[PDB]
């Protein structure tokens, strides 16, 4: 049913000081936030935002920015702020724009603002949508992904067909069309970040003697999980990188460790190792979606052939799916 603009558009529009619309995913009942980068707030833009939204304007901020300004500290009423200098009553699109710009600017300090005001700063979790799939996080992410300050400006879009309510997905689609805006999902943003940012790093490297010969064992960690995955590497991979034999084997405790007979997992790792070792060149990934994909590209794999019995945007070429004995 629903068609979405790409993340590549959203970043570029954000970078150009234009606004985008963000929904969580494809579900038709979703409300949408209109979003621009706080440091791109002009009177024209804020006035546009105020026109079509609830008018309860928010400024999603990076933890680092929050702490510099003594705001929303990591450890009931809503905290609001107004720029202390350069504004009038603090409610017009200009004043609100000045406030947003000020929050974004890396030089500004606590007493450059007065509490209360007409702008709601919000605290985005460290690491963006990957750690918390909220509109707040998407706003800081988009700003940062566009090479700007990790400061965004958001407010929800009211409906026009049903006066009483907030716009849902289908109406946001035409709103986005009519006004030349991108409409994107947090879902699409999450997985774009997963496919275009390196979240892995090498921790350890050892060469291990086995029954199947020596394997180069490289340990990898994820910046977004507390686990070492290990890739076992035979021979030279890059210079080349093509036609690499690969097995991706997700960890099975009962199977791999205890030799459980009611699963073929254990036998399969061993067979994969054997096969790779016979070919004198390959990769058996021991995994504990594909973070494994990023490991492969880090290993200099360009084109591969997967070892598997069951018949992506990473620059990995699947050539032939091939059985384990």
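Positions refer to the first chain, counted from 1.
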Between residue 288 and residue 289, what class does the number of missing deposited residues fall in: none, 1 to 3, 4 to 9, or 10 or more? 10 or more
Would you mind checking whether any residues of the deposited sequence sit unmodelled between residue 311 and residue 312, and how many (none, 1 to 3, 4 to 9, 10 or more)? 4 to 9
Give the stretch, out of 147-155 and 101-109, with the larger mean C-alpha temperature factor in the deposited entry. 101-109
Given 77-85 and 240-248, the range whose Cα B-factors average higher in the PDB entry: 240-248
For 31, 44, 39, 264, the deposited C-alpha B-factor is largest at 264
Highest recorded Cα temperature factor - choice among 284, 293, 49, 59: 293
Going by what the PDB entry lists, where does residue 253 fall on CA B-factor within its chain: lowest, middle or highest third? middle
Tertile call for residue 196 (CA temperature factor, within chain, third-based) is the middle
Quick check on the deposited entry: does the C-alpha B-factor of residue 224 sit in the lowest, middle or highest third of its chain? highest
For residue 233, the third of its chain by CA B-factor is the middle
Chain thirds of CA B-factor: placement of residue 297: highest
